[PDB]
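J.: here is my input, please return the structure:
(7 chains)
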Amino acid sequence: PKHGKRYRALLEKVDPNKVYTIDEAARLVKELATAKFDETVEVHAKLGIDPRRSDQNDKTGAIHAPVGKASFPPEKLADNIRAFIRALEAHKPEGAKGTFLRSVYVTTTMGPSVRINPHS
Amino acid sequence: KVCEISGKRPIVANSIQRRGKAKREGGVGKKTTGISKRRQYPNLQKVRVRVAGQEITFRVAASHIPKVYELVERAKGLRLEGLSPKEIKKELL
Amino acid sequence: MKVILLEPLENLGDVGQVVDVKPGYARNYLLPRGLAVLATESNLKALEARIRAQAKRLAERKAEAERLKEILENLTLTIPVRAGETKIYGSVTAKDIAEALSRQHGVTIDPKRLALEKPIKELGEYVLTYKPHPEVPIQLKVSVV
RNA sequence: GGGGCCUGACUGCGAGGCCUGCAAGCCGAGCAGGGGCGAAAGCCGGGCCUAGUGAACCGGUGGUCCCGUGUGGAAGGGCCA
RNA sequence: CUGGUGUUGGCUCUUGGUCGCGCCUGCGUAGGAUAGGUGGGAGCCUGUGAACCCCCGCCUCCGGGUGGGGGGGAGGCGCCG
RNA sequence: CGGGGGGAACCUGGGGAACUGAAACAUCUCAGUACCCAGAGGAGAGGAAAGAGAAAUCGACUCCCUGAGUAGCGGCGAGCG
RNA sequence: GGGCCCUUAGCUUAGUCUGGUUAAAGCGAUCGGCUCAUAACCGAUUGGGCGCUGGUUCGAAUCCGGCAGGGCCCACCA
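T.: Numbers count the residues shown, from 1 in each chain, chains lettered A, B, ... in the order given. Next comes the structure:
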């Protein structure tokens, strides 16, 4: 139709309109990463920076990178969600106005995405 | 004129004319080119309500309009007849 | 502009209901035609004061109407009708089932308010139920002489 | 007139005078700081000189020992430019 | 003279700016083909019925992209290249 | 049962000038003065804190003395206070 | 001195916010046919360091900042 079944049942374990913590999130990464391999946790985040700025990721202001696997303890995935949130907040340009951590969503290589908060 | 509920009437106010840039912003300030006396009248309208048999009407500052129907309500506790919407209005409080 | 209703209207209706409109509408239509009134404390409370007084008023026509449930339903009917064979002599209706039903020991009944139909007029045994909300079931006795 | 380094077209002052109704205007040795040129003595607080200009008020920027309406901070002032 | 409001209410027709969200959109060389970026990335797809054909609608760089439905039936697809 | 009309000033309320001063003049001044009007009374007004404002403070209102030509207001002018 | 509109081959619209791609046009003269003229009347011609110094990227008219050009209006002026 649009998506599969190994993903169609994962949409049942995530609220379409809800923010989560780095605990209930790094935990929900285990049940949505139902792939025959080590699913990868990728924390995607929208930034509050200008794309066509030489002194201020991609050319649309959306950075992202993986920092965990689908088999890593629910607490070992809560160490890099705080370490990847502090790694970025460590490079916010001078004249970069607008909520930097604009939009953060954590998903796996395959499984669905859960919009989580980077401060809890 | 005057509101039959609140007794609001036209007050007197001036008509100040400033010029220049507000010190707040650019600078120097504003200067008054002319002050003039004038009135501010209430926004009063006409309110026709039934109450009893007769009609009855009100010159009431729009702001208080509701207070008109507040009376038309508690007006059903009094004995208002004798063909006279002049005494019925008088009556209302 | 909260406003209690009356004649149920479209996109806003059903008596005693409170739906806010625009002063303009209420002020020059609803109140003028008696199709609603100001949702004032005055009325607004006098609403519930008539909302309960009809629920607790109906809670007496289905409460004392239910004391008649567990009483004259099981304590079956004992009717000594003057029948004979396969067709009684005096059928059976309120004028019968009820009438004598009263005699038994003081049973007050209704003319058609039960499960009435045609007057029995057929010797055998039948059983009907009271009415309504939620009513009580009681039997009959097609006696013979 | 020509050239080689240079920026004293410094900051903090300023004895004592010229001129003068007021307020403006002009000249100024010398002391302190830190400098430039010169081997040195020394010279430099713009230009051979006399014009190239505008009191206060009100505001703008830049700072800064200051004041900040009970207190903290702000708001807005003051002082220097 | 004029806009915004108050007095100022019902009913539909069509419409903008926004944020939600759900879908789509991208066709210079070449490349199987109409490649939005960038990261994840070796597995999903299929009995939530895949390969194949017809009707049908939208977009269209007229090349196709793609949604619905009956039939149908156990096969499509990525690395590699 | 009351009102109506009068009263030399005084009093409160609703309205409210210009000459003049600024050595012109428009903000400002004269001035909430003159005057018109309604009302009160031997007085009228005000009056028991949604106050004052910096004191472990005072404690209705009114009047006189100070505070004080202070604090301030001001084409930071005249002047107002 | 306060801002807010704007900057290619002669003139004067471009394309540029949606880079790895073709800069085209009218006017302008020249050259040819031209007819027994001229708007030529067709034609063929015929050019852009894309203001400039620089950044990113294999790439810049196009996206990255650091300065000027006018034509625009706003407004203030002790």
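J.: quick one: the strands in the chain?
T.: Unless you meant another one, I'm taking chain A. Applying DSSP state E to chain A gives strands spanning A:40-46, A:62-69, A:103-108, A:113-114.
J.: the chain in question should be chain C.
T.: Using DSSP E, strands in chain C cover C:3-5, C:36-38, C:127-129, C:137-139.
J.: I'd like these as JSON lines, with mean neighbour count and distance to residue C:14 appended.
T.: All C-beta spots, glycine's among them, are computed from the backbone N, C-alpha and C. Formatted as JSON lines, the strands of chain C follow (neighbours: other C-beta atoms under 10 Å in any protein chain shown; distance: least, C-beta to C-beta, whole Å):
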{"stretch": "strand C:3-5", "mean neighbour count": "21", "distance to residue C:14": "7"}
{"stretch": "strand C:36-38", "mean neighbour count": "21", "distance to residue C:14": "11"}
{"stretch": "strand C:127-129", "mean neighbour count": "14", "distance to residue C:14": "32"}
{"stretch": "strand C:137-139", "mean neighbour count": "17", "distance to residue C:14": "35"}
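J.: save those as a markdown table, and put in distance to RNA strand F too.
T.: Output for those, formatted as a markdown table (distance: least, C-beta to the nearest atom of the strand, whole Å):
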| stretch | distance to RNA strand F |
| --- | --- |
| strand C:3-5 | 31 |
| strand C:36-38 | 27 |
| strand C:127-129 | 67 |
| strand C:137-139 | 68 |
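J.: nearest to RNA strand E, of the ones you listed?
T.: strand C:3-5 (11.7 Å; C-beta to the nearest atom of the strand).
J.: quick one: distance of that closest one to the chain centre.
T.: 28 Å (C-alpha atoms, centre = their mean, to the nearest Å).
J.: return the nearest residue of chain A with respect to chain C.
T.: At 28.4 Å from chain C, residue A:17 is the closest residue in chain A, using C-beta to the nearest C-beta.
J.: count the neighbours of residue A:52 for me.
T.: 8 (other C-beta atoms under 10 Å in any protein chain shown).
J.: returning to that earlier point: nearest to residue B:43, of the strands of chain A?
T.: strand A:103-108 (48.8 Å; C-beta to C-beta).
J.: mind listing residues that contact that closest one?
T.: The contact list for strand A:103-108 (C-beta atoms under 8 Å, 6 or more residues apart in numbering or on different chains) reads A:25, A:29, A:32-33, A:35, A:39-46, A:70, A:81, A:85, A:113-118.
J.: among the residues you listed, name the buried ones.
T.: Using 16 or more other C-beta atoms under 10 Å in any protein chain shown as the burial test, these include A:25, A:29, A:32-33, A:39-43, A:45-46, A:70, A:81, A:85, A:114-116, A:118 as buried.
J.: which helix in chain B runs the most residues?
T.: The single longest helix within chain B, with elements called by DSSP state H, is helix B:65-73.
J.: against which helices or strands is that helix packed?
T.: strand B:44-48, strand B:57-61 (3 or more C-beta pairs under 8 Å, 6 or more residues apart in numbering or on different chains; DSSP states H and E).
J.: near RNA strand E, which residues of chain A?
T.: A:1-2, A:4-8, A:16-17, A:34-38, A:40, A:42, A:58-60, A:62, A:64-66, A:108-110 (C-beta under 7 Å from any atom of the strand).
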